[PDB]
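Chains as they are written, first to last, in UniProt numbering: chain A, 58 to 110; chain B, 4 to 57.
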């Protein structure tokens, strides 16, 4: 029982780590998409709003 | 003789109604122009502007 406690708990560690980096990957994804969004909408609204007018 | 009176009044109210339509279409056509030039299309924007005017 005790050595199993060690083994499992170790798996918990490493799997948790990958879980963290995947988390970062997803949130990064959201930020990227949304940012693309603002760059575009702002761009097509920068074409008819171009500074001279 | 009445027949001609009635046709004249009819033609008058006719012209008024058609004028009314063309005007309504005019406003709708302004809107449609704005949607058009929103993309950046300089051709559709043209013939729409034109139809609005006419």
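C-beta: ideal position from N, C-alpha, C; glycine also.
query, result
"Span separating the alpha-carbon of residue 60 of chain A from that of residue 87 of chain A", "41 Å"
"Whole-number beta carbon distance between residue 32 of chain B and residue 54 of chain B, since they are thought to touch under 8 Å", "6 Å"
"Distance CB(residue 43 of chain B)-CB(residue 97 of chain A) smaller than 7 Å", "no"
"Residues near residue 47 of chain B in its chain [Cβ-Cβ closer than 6 Å; skip 5 each side]", "39"
"Short Cβ contact (7 Å threshold) for residue 35 of chain B with residue 51 of chain B", "yes"
"Run of the alpha helix (DSSP H) containing residue 49 of chain B, from where it starts to where it stops", "47 to 56"
"Distance cut-off 6 Å: residue 82 of chain A Cβ against heavy atoms of the ligand HEM", "Here there are no bound small molecules, and the ligand HEM is not part of this structure."
"Local conformation of residue 92 of chain A per DSSP, three classes", "helix"
"Through-space distance from residue 91 of chain A to residue 64 of chain A, alpha-carbon basis", "41 Å"
"Residue 108 of chain A in three-state terms, based on DSSP", "coil"
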